[PDB]
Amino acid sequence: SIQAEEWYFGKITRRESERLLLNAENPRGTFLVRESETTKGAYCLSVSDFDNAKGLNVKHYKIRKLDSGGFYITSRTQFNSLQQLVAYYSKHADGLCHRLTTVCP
């Protein structure tokens, strides 16, 4: 159950996810997973980033779920579960702003 994962924040808004992540103590890749505000059946992975251009900022990626039972951000790289998707992105940045590092405090 995705609801038992400490990185799953359930039904919080995008603005609230930004408030939690825009903390100067958060290193790049600090993240959380929440329900999408407008897309029924999709989740959003919210991730903190940092560069000298923008400083501290937050990106949101849509995690799609297939009825066949697969989870993915890009259809070319799918996973059997949200847990496996999170594990994969903690090691590969691929197209994300940064690899996932720490669960949002």
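Take the two forms, find the largest set of C-alpha atoms that superpose within 1.5 Å, and that set is the rigid core. So that there is no doubt, residue numbering starts at 1 and follows the sequence shown.
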So if we fit everything on the core, which stretch drifts more in 7 other deposited structures of this protein, 26-34 or 51-59, C-alphas only? 51-59
Taking the root mean square of C-alpha distances over all structures and residues in 7 other deposited structures of this protein, with a rigid core superposition, name the larger of 17-25 and 77-85. 17-25
Going by the entry, of stretches 37-45 and 63-71 the one with greater average Cα B-factor is 63-71
Out of 95-103 and 4-12, which stretch has the higher average CA B-factor listed in the record? 4-12
What third of its chain's C-alpha B-factors does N26 belong to: lowest, middle or highest? middle
What third of the chain, by the recorded C-alpha B-factor, contains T77? middle
Ranked against its chain, the third holding the CA B-factor of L32: lowest
